[PDB]
């Protein structure tokens, strides 16, 4: 089933900050804001961790869209191939989640990659989840849903249970 990262990195503070740094031309900015909150809350409702949104500067989880090289040593690659990536919990790049602007993203009402599903998978990594061997899991390695039992099992193994 689920996997974590080697040495099980995790956020050890009671509160972690996040910022949507950059947006996609495919959607309204408010729509990306709401979908990110919804993705974070799928994981957060299961565990004793709180997310605080910020609008400027460097937050613990930095989220955004970019074309090509974008300051980490993992440049995007144009249309197709890599769609997005994210980093395990830690300082600096740790926690950050990046999306390739050279693809087509949707809120479900048009053609595109389902952004809510994509954001839940990437933010999984940002909180310390690796990839699952369970084909039902959001964390399965390849691309209307909810977290699978296996997703919930893993995140609660890493942080404990909320309730």
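Residue numbers count along the first chain shown, from 1.
Peer 1: What number of residues from the deposited sequence go unmodelled in the gap from residue 143 to residue 144, classed as none, 1 to 3, 4 to 9, or 10 or more?
Peer 2: 4 to 9 residues lack coordinates between residue 143 and residue 144.
Peer 1: Per the record, averaged over C-alpha atoms, which has the higher B-factor: 17-25 or 144-152?
Peer 2: Result: 144-152.
Peer 1: Please compare 124-132 with 50-58 and say which has the higher mean C-alpha temperature factor in the record.
Peer 2: Between 124-132 and 50-58, it is 50-58.
Peer 1: With respect to the C-alpha temperature factors reported in the PDB entry, which of 64, 94, 108, 68 ranks highest?
Peer 2: Of the candidates given, the C-alpha B-factor peaks at 108.
Peer 1: What third of the chain does residue 45 rank in for C-alpha temperature factor, lowest, middle or highest?
Peer 2: Its C-alpha B-factor belongs to the highest third of this chain's values.
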